[PDB]
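Okay, so here's the structure we're looking at.
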There are 2 protein chains.
Amino acid sequence: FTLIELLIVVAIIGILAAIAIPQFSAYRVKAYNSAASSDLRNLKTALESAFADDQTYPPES
Amino acid sequence: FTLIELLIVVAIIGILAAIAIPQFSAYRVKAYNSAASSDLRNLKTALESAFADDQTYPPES
């Protein structure tokens, strides 16, 4: 509308364009880690189930 | 408790359910036999006692 109105908008667009976007890197690597430790604690039950069938842990591959 | 704990129990119940139970058949037939041979060796003394009373073995039945 008025030149002064178009001077507040550009003064607010500048504000709302920098709101300290956080580093969402550590908060995701923790999920990837806790998939692998879960997966290992599960894998152990398969190994120690298979031993109590065969008196041996499985052959590799 | 834990699934692995319930995998050792079933691995031991299977063991303690097959411990080579022996054939207790010959070890009992020997007792039945040695009752009858004892009984005969006793019965002979009654026959050969009764002869030395009557000059005869008993009539049958």
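Chain lettering (A, B, ...) mirrors the order of the structure tokens, residue numbering begins at 1 for each chain separately, and ligand numbering begins at 1 in order of display.
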
Checklist entry - Which chain B residues are at most 12 Å from chain A (counting only C-alpha atoms), as an MDAnalysis selection string? => result chainID B and resid 2:15

Next on the checklist: Could you go through chain B and tell me which residues DSSP, when run on the backbone, assigns to helix (DSSP H, G or I), listing them as JSON, numbers by chain?
Outcome noted: {"B": [5, 6, 7, 8, 9, 10, 11, 12, 13, 26, 27, 28, 29, 30, 31, 32, 33, 34, 35, 36, 37, 38, 39, 40, 41, 42, 43, 44, 45, 46, 47, 48, 49, 50, 51, 52, 53, 54]}

Item to check | Distance of CA of residue 43 (chain B) from CA of residue 26 (chain B), expressed in Å to one decimal place | outcome: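 CA of residue 43 (chain B) lies at a distance of 25.9 Å from CA of residue 26 (chain B).
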
Checklist entry - Between CA of residue 42 (chain A) and CA of residue 29 (chain A), what is the spacing in Å? => result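 Here the two named atoms are 20.2 Å from each other.
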
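Note that CA of residue 19 (chain A) and CA of residue 1 (chain A) are 27.1 Å apart.
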